[PDB]
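Worksheet: the structure to be examined is printed underneath.
Methodologically, a virtual Cβ is constructed for each residue, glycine included, from the backbone with ideal geometry; neighbour enumeration extends over all protein chains shown. Nothing in this text is a laboratory measurement; each read-out follows from the coordinates by a stated rule.
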Amino acid sequence: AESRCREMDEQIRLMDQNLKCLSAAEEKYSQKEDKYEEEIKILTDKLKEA
Amino acid sequence: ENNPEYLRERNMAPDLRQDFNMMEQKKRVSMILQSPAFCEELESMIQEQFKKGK
């Protein structure tokens with residue numbers, strides 16, 4: 001039991017580090033959305049008065 | 001896309017922008033100055049009105 005638990009330890013340590021980067025990536029997409037919506041809405045208003 | 005020339009443009013209200021475009025196309029101040037007769041006429045008006053003042 002001791003050896004098998006020790007052997008599986010490296011896998012958890014390495015692909016935890018794998019998870020960490022993808023978190024920040026999806027956060028960056030969540031940032032990218034909003035300012036795209038606001039440029040859309042201001043463009044629509046200017047078009048309307050045209 | 002960080003200079004203030006971009007900045008005021010998206011801080012413009014739309015109708016003020018369009019009025020700027022229209023009166024930009026219209027060019028009233030240039031016509032009034034370019035016309036000789038009315039220009040020197042209004043020069044005479046203000047000059048001898050000033051002369052009547054003091």
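Checking A:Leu22 against (1) over 18 Å from B:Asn11 (Cα atoms); (2) within 14 Å of chain B (Cβ to nearest Cβ), which single condition isn't satisfied?
In the conditions (1) over 18 Å from B:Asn11 (Cα atoms); (2) within 14 Å of chain B (Cβ to nearest Cβ), A:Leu22 misses (2) alone.
A quick yes/no check of all residues on (1) in contact with a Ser or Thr (Cβ under 9 Å, 6 or more places away or on another chain); (2) charged (D, E, K, R); (3) within 14 Å of chain B (Cβ to nearest Cβ):
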| position | (1), (2), (3) |
| --- | --- |
| A:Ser3 | no, no, no |
| A:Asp9 | no, yes, no |
| A:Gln17 | no, no, no |
| A:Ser30 | no, no, no |
| A:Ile40 | no, no, yes |
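Given (1) closer than 20 Å to A:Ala50 by Cβ; (2) away from chain A (no Cβ under 14 Å); (3) surrounded by fewer than 10 Cβ atoms within 10 Å (Cβ to Cβ); (4) not hydroxyl-bearing (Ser, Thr, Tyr), where does B:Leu16 come up short, assuming only one miss?
Here B:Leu16 meets the rest and fails (2).
Those residues that are among the hydrophobic types (A, V, I, L, M, F, W, C), loosely packed, with under 11 Cβ neighbours inside 10 Å and away from every other protein chain (no Cβ under 14 Å), I need them from region B:19-41; list them, please.
The initial filter retains those residues of region B:19-41 that are among the hydrophobic types (A, V, I, L, M, F, W, C), namely B:20, B:22-23, B:29, B:31-33, B:37-39.
From what is left, the residues that are loosely packed, with under 11 Cβ neighbours inside 10 Å are B:22, B:29, B:31, B:33, B:37.
Of everything in region B:19-41, those that are among the hydrophobic types (A, V, I, L, M, F, W, C), loosely packed, with under 11 Cβ neighbours inside 10 Å and away from every other protein chain (no Cβ under 14 Å) turn out to be B:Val29, B:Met31, B:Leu33, B:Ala37.
Taking only chain B into account, find how many residues are under 30 Å from A:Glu38 (Cα atoms) and part of a helix (DSSP H, G or I). So that I can check it myself, show each step before the final result.
Filtering chain B for residues under 30 Å from A:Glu38 (Cα atoms) gives B:1-25.
With part of a helix (DSSP H, G or I) added as a condition, the list becomes B:4-11, B:14-25.
Final tally of qualifying residues: 20.
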